[PDB]
Amino acid sequence: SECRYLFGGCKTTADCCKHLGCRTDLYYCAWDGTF
């Protein structure tokens, strides 16, 4: 994996991988894969 695991303290979607979804309000990689 080349992305930060759940609660990786991200800032933007680019910070995480497709599998994850960096939230703008939570600011963390959300492991889901489907949005």
# chains A, B, ... in the order shown; residues from 1 in each chain; ligands from 1
$ residues_around --residues "residue A:11" --least-positions-apart "5" --cutoff "7 Å" --atoms "only C-alpha atoms" --output "PyMOL selection string"
chain A and resi 22+27-28
$ residues_around --residues "residue A:18" --least-positions-apart "6" --cutoff "10 Å" --atoms "only C-alpha atoms" --output "MDAnalysis selection string"
chainID A and resid 3 29:35
$ residues_around --residues "residue A:4" --least-positions-apart "3" --cutoff "9 Å" --atoms "only C-alpha atoms" --output "NGL selection string"
:A and (1 or 7-10 or 15-17 or 20 or 28-29)
$ write_last_selection --atoms "C-alpha atoms" --output "compact mmCIF listing (two decimals), in the first residue's frame"
# COMPACT_ATOMS: atom_id res chain seq x y z
CA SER A 1 0.00 0.00 0.00
CA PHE A 7 -6.53 7.91 10.65
CA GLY A 8 -3.24 8.61 8.89
CA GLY A 9 -3.69 12.32 9.45
CA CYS A 10 -4.16 13.24 5.80
CA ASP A 15 -2.69 12.04 0.30
CA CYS A 16 -4.52 8.71 0.33
CA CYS A 17 -5.18 6.01 -2.27
CA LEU A 20 -9.29 5.47 1.00
CA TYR A 28 -8.28 11.34 7.58
CA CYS A 29 -8.00 8.43 5.15
